[PDB]
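These notes are about the structure you will find just below.
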Amino acid sequence: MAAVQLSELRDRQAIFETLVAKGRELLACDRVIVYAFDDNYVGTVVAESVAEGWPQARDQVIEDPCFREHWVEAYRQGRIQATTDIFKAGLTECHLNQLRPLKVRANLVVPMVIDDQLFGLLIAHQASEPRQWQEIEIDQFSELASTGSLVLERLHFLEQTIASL
Ligand SMILES: *[C@@H](C)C1=C(C)C(=O)N[C@@H]1Cc1[nH]c(/C=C2N=C(/C=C3\NC(=O)C(CC)=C3C)C(C)=C\2CCC(=O)O)c(CCC(=O)O)c1C
């Protein structure tokens, strides 16, 4: 017994909705969202997860590509970014304006690459208060993101190869 629905589980969103599901439990934060950079430098709305009391940010499509200047390369090397508060970052520039609405008081990012390529990044925002990430929590969370590459690598290839069939 495992519910036919479970066996028929093959939705691309399922595998994605899961990662974030664990992230919340793993990081033990208050809010978490998944975003990637498609061929438009736009934060792809992979999956959005917001704890009770907070609205769904999925209604907000990351307009800021951040592609400008150096940045993508930062993750291309597996750089770790931990900002207790994006408020003390890039002042006098576009940030709080687009970050205030989401009520994101904490910003944590971890690089996720596939076959030496940039796919996306997992972010965890605490809407209740800014928390200092734990050395172990960062590594564990980074592992969760790296895992997605394992699946994507298989599907991304198999899915594409299938069409070439
Ligand atoms: C303002 C939007 C802007 C313009 C215009 C521009 O040309 N550059 C600058 C973009 C920018 N933003 C940061 C800092 C951060 N970026 C992220 C990641 C995101 N971009 C998004 O659109 C979203 C969706 C919510 C995210 C999550 C984050 C988390 C930060 C802050 C944390 C940190 O890195 O400390 C920068 C970096 C500043 C620099 O120039 O070095 C730039 C250029």
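Restricting the range 98-129 to residues that are surrounded by fewer than 16 Cβ atoms within 10 Å (Cβ to Cβ), within 14 Å of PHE87 (Cα to Cα) and in contact (Cβ under 8 Å) with a residue 12 or more places away in the chain, the residue that is farthest from the ligand (Cβ to nearest atom) is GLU129. Within the range 51-70, the set of residues being under 16 Å from the mean Cα position of the chain (by Cα), surrounded by 11 or more Cβ atoms within 10 Å (Cβ to Cβ) and near the ligand (Cβ under 10 Å from one of its atoms) comprises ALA57, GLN60, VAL61, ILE62, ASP64, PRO65, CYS66. Scanning the range 1-34 for residues that are over 24 Å from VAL109 (Cβ atoms), of a type in the set (A, V, I, L, M, F, W, C) and not in a helix (DSSP H, G or I) yields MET1, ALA2, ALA3, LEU9. May I ask you to list pairs of residues, at least six apart or on different chains, whose Cβ atoms are under 8 Å apart, with the first in the range 138-165 being surrounded by 11 or more Cβ atoms within 10 Å (Cβ to Cβ) and the second being of a type in the set (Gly, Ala, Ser)? Going by the 8 Å Cβ cut-off, the qualifying pairs are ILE138/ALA82; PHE141/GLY23; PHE141/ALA124; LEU144/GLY23; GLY148/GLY120. Of the residues making up the range 32-43, not one is in contact with a strand residue (DSSP E or B) (Cβ under 9 Å, 6 or more places away or on another chain) and over 23 Å from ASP11 (Cβ atoms).
Positions of Cβ are generated from backbone atoms using ideal geometry, with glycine treated the same way; all protein chains shown enter the neighbour counts. Since every read-out is calculated from the coordinates, none of them should be taken as a lab result.
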